[PDB]
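Shown next as structure tokens: one chain only, the form deposited in one PDB entry.
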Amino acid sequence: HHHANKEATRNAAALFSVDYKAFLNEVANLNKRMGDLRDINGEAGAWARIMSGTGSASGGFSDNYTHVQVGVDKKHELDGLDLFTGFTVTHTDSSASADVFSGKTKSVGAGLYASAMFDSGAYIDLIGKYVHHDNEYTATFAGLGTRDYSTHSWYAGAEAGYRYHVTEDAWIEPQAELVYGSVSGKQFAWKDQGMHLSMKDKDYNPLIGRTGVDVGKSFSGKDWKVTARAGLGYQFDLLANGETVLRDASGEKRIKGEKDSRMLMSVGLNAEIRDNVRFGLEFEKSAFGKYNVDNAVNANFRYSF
């Protein structure tokens, strides 16, 4: 009976954990979202982004996702400060698998951002958005079967960093980011072998921090620039306020959320072609987490005019 409860707990937690990965997948940063916004002349901008990636965690859990996003903004020219304010919309397709389940998630989001680029090299990036998730998951345990459900998430993120130039062409940039969010809970109630089974979790609020450093070496000519860059960071949960409750004829088991953290690694470039076009590309992965990004690639394109 202990073994049964252990397995049930492990499985319920695995299945419900996908809502948290769905949330984590929508978390980016200034460079990953917008590319390089320094020294841009155009007073308006249109941009697109695509990300594709895969991750894993124990229990044979693995997922992969394709994230697509666009935005438009106006750039306000202030005294030593460019301030980009704009709108954004996103789409995500995810699939997930573990030993005991598999399924998919379709997401649609919309948000608002302000990005402040200071001549001094300082920057601040603020974003808030809402994401809707349609979910379809099939479980191989407990006769739970196929389950469709909606969730939605709010995001409020703030990021600051500082680009210190070691030389005219090389630079170092410490960064810190905090992202506060919400994840709607859901319930499954069903019968198996003529017994009433329940599995439910509550609304919770992720709070994800990151601290890291980026480094870059740039090259250019009259009408182009290319920056090679690499990143090392630390991404961590500050809260784990979720809880799954497994109810049963014999009683309830409560399963509290666990914090997880991981080391982020990235390598990439930012390109400038003439006056309107920018392009950003990076390869990334993480290590040491219970969940890790095993690999993902991010591309963006900004047209400034």
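For clarity, a rigid core is taken as the largest C-alpha set superposing within 1.5 Å between two forms. Residue numbers here begin at 1 and follow the sequence given.
What follows is about the form deposited in another entry, which we do not show.
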Query - Residue among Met263, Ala240, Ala271, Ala46 with C-alpha shift of 2 Å or more between this form and the one not shown, core superposed - result: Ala240
Query - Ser250: Cα shift of 2 Å or greater between this form and the one not shown (core-aligned) - result: yes
Requested in this report: Looking in the other entry, decide if the C-alpha atoms of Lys256 and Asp203 are closer or farther than in the form shown; they differ by 3 Å or more.
Outcome: farther
